[PDB]
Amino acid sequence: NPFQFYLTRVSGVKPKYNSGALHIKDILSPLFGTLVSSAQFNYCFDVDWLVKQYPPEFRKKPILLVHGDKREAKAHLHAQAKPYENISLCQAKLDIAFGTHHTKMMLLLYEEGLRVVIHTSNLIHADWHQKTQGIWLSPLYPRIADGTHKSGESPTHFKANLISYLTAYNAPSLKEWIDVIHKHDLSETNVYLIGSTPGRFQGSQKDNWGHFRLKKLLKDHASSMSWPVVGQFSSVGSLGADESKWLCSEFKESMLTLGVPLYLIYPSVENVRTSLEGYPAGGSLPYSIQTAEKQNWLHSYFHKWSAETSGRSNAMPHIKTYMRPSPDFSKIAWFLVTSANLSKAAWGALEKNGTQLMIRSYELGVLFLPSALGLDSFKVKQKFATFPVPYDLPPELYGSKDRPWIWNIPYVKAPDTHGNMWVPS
């Protein structure tokens, strides 16, 4: 299995749909290595829950929490963490307004080597319970022989790329993780790292982050050959008064680069209503009426969540993915799993007459390119050489009576799976 792309375990589906799935307890288990230390990058944390996901024999090993909380929320997290002597925190500078530390990544240092896990889930119980989430697991990276001169770098430049990502934080506690990574051999890595970092980027530095980074990788490591673009996410930013402001202009342009129908997959109210969680699934789909009313145009691009292939049509997506299928959806030119939702905050927006790229947030994803496996395309695995697309193709358009899930208006005409209504406030 060259991909090492996994779904999280979902409670309440048949065990066969969980056979190739991972729970966080599985990822942290002693079978994956003998843990010495770890770093947990995320947006939301439940520290008490998190500590319990480690095996008992590892709960006292040092853990670093990399978060973006400020003011009282920062105090709250510190208060959550204090009982646990082995836990330190690193506050990622968020100098630009409305930015978040959204990256989900684990750095796992073992006696036997090092592991990097890039995924989509918050560190809270609900994100790992009945949601569709994605996980990429690096291989066990061995330590570089203390007698040898080697870079430990991969053809995809992952190791240098990961270090640059950590370096942009300018944080003392991450420097030690940068040093740990220097000492390991990441040469077997076959994915490309796509990061976002807060800032305003000029000149050559545009290509470093966000959708311009993606464009650059697609230009350099893909080749050309009516191939649609698919985008799938759980949050939706303010995209502008119409499709030309950003979505189809800069965003789609990066996405269609190689060496055009746009499908956006976002849960409808019906999708959420009849989910395993019911309406409270909508608590993790934060599309607000204030945003939605400004951009009604966007919703004609919307398609329903359907994942019969993985038995997860009722497990609401918190995974975010982007890809480039052929016109019949039997193959793909590339696949990206990432923390980045559909927003300028996460992907970047061009400022100052197109000379500046502005990103508000930390985001991180892995890109699977057929060239990194020596192929020209991946065949799509129809039932979850062939890439495991976790949801159904082609995507199904919203019916005439469907609306996108909007989290801050009430739904009281029909009960959900558990016989409840939804009245936020």
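In this text, residue numbers run from 1 along the sequence as written.
Colleague: Relative to the deposited sequence, how many residues with no modelled coordinates occur between residue 259 and residue 260 (none, 1 to 3, 4 to 9, 10 or more)?
Modeller: Going from residue 259 to residue 260, the model skips 10 or more residues of the deposited sequence.
Colleague: Could you bin the unmodelled part of the deposited chain lying between residue 384 and residue 385 as none, 1 to 3, 4 to 9, or 10 or more?
Modeller: Gap between residue 384 and residue 385: 4 to 9 unmodelled residues.
Colleague: Given the B-factors recorded for C-alpha atoms, which segment has the greater mean, 205 to 213 or 227 to 235?
Modeller: Higher of the two, by average CA B-factor, is 205 to 213.
Colleague: Could you check which stretch, 42 to 50 or 372 to 380, carries the larger mean CA temperature factor in the entry?
Modeller: For C-alpha atoms only, the mean B-factor is higher in 372 to 380.
Colleague: So among 286, 240, 267, 325, who wins on Cα B-factor in the entry?
Modeller: Going by the entry's C-alpha B-factors, 240 comes out highest.
Colleague: Between 220, 185, 277, 308, which one tops the list for C-alpha B-factor in the PDB entry?
Modeller: Out of 220, 185, 277, 308, the record gives the largest C-alpha B-factor to 220.
Colleague: What third of its chain's C-alpha B-factors does residue 364 belong to: lowest, middle or highest?
Modeller: According to the entry, residue 364 has a C-alpha B-factor in the chain's lowest third.
Colleague: Hey, what third does residue 27 fall into on Cα B-factor, ranked over its chain?
Modeller: For residue 27, whose C-alpha B-factor we compare with every modelled residue in the chain, the answer is the middle third.
Colleague: Going by what the PDB entry lists, where does residue 13 fall on CA B-factor within its chain: lowest, middle or highest third?
Modeller: It belongs to the highest third of the chain when residues are ordered by C-alpha B-factor.
Colleague: Sorting the chain's modelled residues by C-alpha B-factor, tell me whether residue 115 ends up in the lowest, middle or highest third.
Modeller: Lowest third, going by the recorded CA B-factors of the chain.
Colleague: C-alpha B factor of residue 354, ranked within the chain: lowest, middle or highest third?
Modeller: Tercile = highest for this residue's CA B-factor.
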